[PDB]
Amino acid sequence: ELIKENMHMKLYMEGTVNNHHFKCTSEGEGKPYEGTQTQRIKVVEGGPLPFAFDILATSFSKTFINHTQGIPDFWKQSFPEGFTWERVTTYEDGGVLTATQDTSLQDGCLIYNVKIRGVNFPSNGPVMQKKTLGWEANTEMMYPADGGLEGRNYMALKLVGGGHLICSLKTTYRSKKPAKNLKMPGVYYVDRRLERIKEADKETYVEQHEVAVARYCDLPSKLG
Amino acid sequence: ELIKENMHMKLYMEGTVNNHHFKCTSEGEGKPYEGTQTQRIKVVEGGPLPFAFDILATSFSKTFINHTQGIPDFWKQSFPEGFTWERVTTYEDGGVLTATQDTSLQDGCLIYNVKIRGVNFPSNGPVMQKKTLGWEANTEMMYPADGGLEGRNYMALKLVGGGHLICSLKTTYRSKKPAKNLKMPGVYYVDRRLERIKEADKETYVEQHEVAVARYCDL
Ligand SMILES: [Cl-]
Ligand SMILES: [Cl-]
Ligand SMILES: [Cl-]
């Protein structure tokens, strides 16, 4: 098929956070039907970043979600034409980051192009002081809206010395495939874990791993 | 012990939404350790309500959460003194609902006192026109913060014709008991399913059920 049991990926990312311009590239591979993937990420311009790499981490891959039970796979069905997404992440202490992404397929390779615009991260806050320690595992609630798919979620970013910085994520995913050709899912949930394999040189190189599984609610229902 | 295998609850609620005052009472029972409960609710003043009953649903019970794996129980451990919660619910179309709750324990019964204020619900929106069909199941993120425990989540309200109206919930849970007494949990999640069971007389009488389970992320 188009989405093989092993797929490779290449990513290009450009952006500004506050007033610092940067570029990253990455390459990796994963098991799209097992919901696992790895990316080796390099900061190739504007490094070392003067802000926590953590704020970029969710911007680096929806094709690699294991859809269990019923669920029609919005992202795998979108090929060969692919899909796009746009996200606004709003941090409770100030910081707002917009990310927009294009996912396409060429030569059997997934290609990601990402743009990033973050502003108002406080100068003395943990993001700009690089005092963060990764994301807590979480659950994204997915729901169909106008033939597209919407995601809503709160995430918690670990801080040096304990405690957390909280942010809200508001995401829209759009297929480039004509709506008549894809089966739309109902409401469902994606459990995911974002972790690092290795990092070096002040997060100038980061190897990042994700596990993700799409499911219905585990709880029993009195109506159905 | 002081929170038994079966527990009855009584509730008193007062509020105003878009300038429409109302009062509700309820009674119910559940199994705190199994994370299940039912309430039978009556609108005793200002009924029938001119807004969707659904916007009130989350204001009617944290003692009835099944704590699995390791997780220390902030709520059960807070008795006999009980606890408070306070919440802002912000709807993506402009409605804001603030609630303040007191949970106490008296003669073996759980007693809830709730006060609610709702403003800015669009006059021709789904809430004021009663076009809503209940809440999707959802997961609340729980973490230690402030003077107690905080909760965050988004909830999705089903609308007639197949859409959803989204709102965010921001909650602070404060114990009335000395913080040195209770064991404080790390970051965890509460899967909930809140289900309407019955309504009668234009939602003047409503029966509501909840299933709730505390867990870490299960990958
Ligand atoms: Cl008031
Ligand atoms: Cl009105
Ligand atoms: Cl959420």
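What counts, and at which threshold
- For each chain, numbering restarts from 1 and follows the sequence as written, which can differ from how the entry numbers it; residues lacking coordinates are not listed.
- By the order in which they are written, chains take letters starting at A while ligands take numbers starting at 1.
- Only heavy atoms go into the side-chain values, all of them from the structure, while hydrogens and water stay out.
- Pairing between strands requires that DSSP locate at least two bridges from one strand to the other.
- Helix and strand labels come from DSSP, where a helix needs a run of H or I of at least four residues and a strand needs a run of E of at least two; each type is numbered from the N terminus.
- Working definition: rings of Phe, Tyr and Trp (its six-membered ring) pair if their centres are within 6.5 Å, and the pair is stacked with planes under 30 degrees apart, edge-to-face with planes over 60 apart, and tilted otherwise.
- The rule is simple: take the accessible area with a 1.4 Å probe, protein chains only, and divide by the maximum for that residue type; under 20% is buried, over 50% is exposed, in between is partly exposed.
- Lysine and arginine charges are scored as sitting over a ring when NZ or CZ, respectively, is within 6 Å of the ring centre and within 35 degrees of the ring normal.

X-ray crystallography is the method the PDB entry states for this structure, with the resolution given as 2.3000 Å.

(A) Highlighting the pairing of strand 1 (residues 7-17) of chain A. All names here are of chain A. Bridge analysis of strand 1 against strand 2 (residues 20-31) gives 11 bridges, and the strand direction is antiparallel. Bridge pairing links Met 7 to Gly 30 in strand 2. Two successive antiparallel strands, strand 1 and strand 2, enclose a turn made up of 2 residues, where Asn 18 displays a positive phi of approximately 60°. Note: strand 1 against strand 7 (residues 109-119), 10 bridges, orientation parallel.

(B) Broad picture of the packing of aromatic side chains. Within the structure shown, the criterion is met by 15 aromatic pairs over all chains. Centre to centre, the rings of A:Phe74 and A:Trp75 are 6.1 Å apart; their planes meet at 85°, and the pair counts as edge-to-face. Where A:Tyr154 meets B:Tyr154, the ring centres are 4.9 Å apart and the plane angle is 25°; that geometry is what we call stacked. Within this pair, whereas A:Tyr154 is found in strand 10 (residues 148-159), its partner B:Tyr154 is found in strand 10 (residues 148-159), the two belonging to separate chains. The exposure class assigned to B:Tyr154 is buried, which follows from its relative accessible area of 12%. Each residue in the set A:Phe74, A:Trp75 and A:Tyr173 is aromatic and connected to the rest through ring pairs, giving one cluster. A cation sits over an aromatic face here: A:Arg87 above A:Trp85, 4.4 Å from the ring centre. Sitting over the face of the ring of B:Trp85, B:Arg87 holds its NZ or CZ atom 4.3 Å from the ring centroid.

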